[PDB]
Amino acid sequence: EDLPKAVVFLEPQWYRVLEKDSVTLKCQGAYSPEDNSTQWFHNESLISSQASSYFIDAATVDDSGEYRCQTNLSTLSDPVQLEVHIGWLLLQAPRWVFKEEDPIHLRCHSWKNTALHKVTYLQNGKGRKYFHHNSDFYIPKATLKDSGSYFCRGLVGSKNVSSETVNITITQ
């Protein structure tokens, strides 16, 4: 019935990353005294890494897909989706489905080694949060009105850039 499934966690939490970003995937599952190895799966395939956390120094498009893990005392985890994008700018989030009353933490991330200033976060084509530099947009209590298509906008260097849109739904 209810099994002790391992849980993949992203560090950082963003499931949408730009190419060249670092991503660490951690397996939340207990070890046994003899077997402290971790089973890591990528697109249903068992990869060589057997460490606690699967580290990606510079993400490529081949690193996208679903990841699952398992430890001695846990069960094969549910899958976690990792999307790798290529662009000057990107709207990041830990997921795209948020339960009502949960926090919505968004981040506007610019391409490797680029400055980002005057960040704006927009919902359904309307400006929602204005910053002078590049701050995350934190919404502590998700509501039904927080659902919509989001993107962030700013100056990458001196170029005014808008990110791709992202749908966010809130379940009641």
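Heads up: residue numbers just count along the shown sequence, starting at 1.
The deposited model assigns a higher average Cα B-factor to 28-36 than to the other stretch when 62-70 and 28-36 are compared. Just going by the entry, 131-139 versus 49-57 on mean CA temperature factor gives the higher value to 49-57. Within the listed group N124, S110, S147, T120, the record reports its top CA B-factor for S147.
In this PDB entry, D78 carries a Cα temperature factor that places it within the middle third of its chain's modelled residues. In the PDB entry, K159 places in the highest third of its chain by CA B-factor. Among the modelled residues of its chain, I170 has a C-alpha B-factor that falls in the highest third according to the deposited record. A6 sits in the middle third of its chain by CA B factor, as recorded in the PDB entry.
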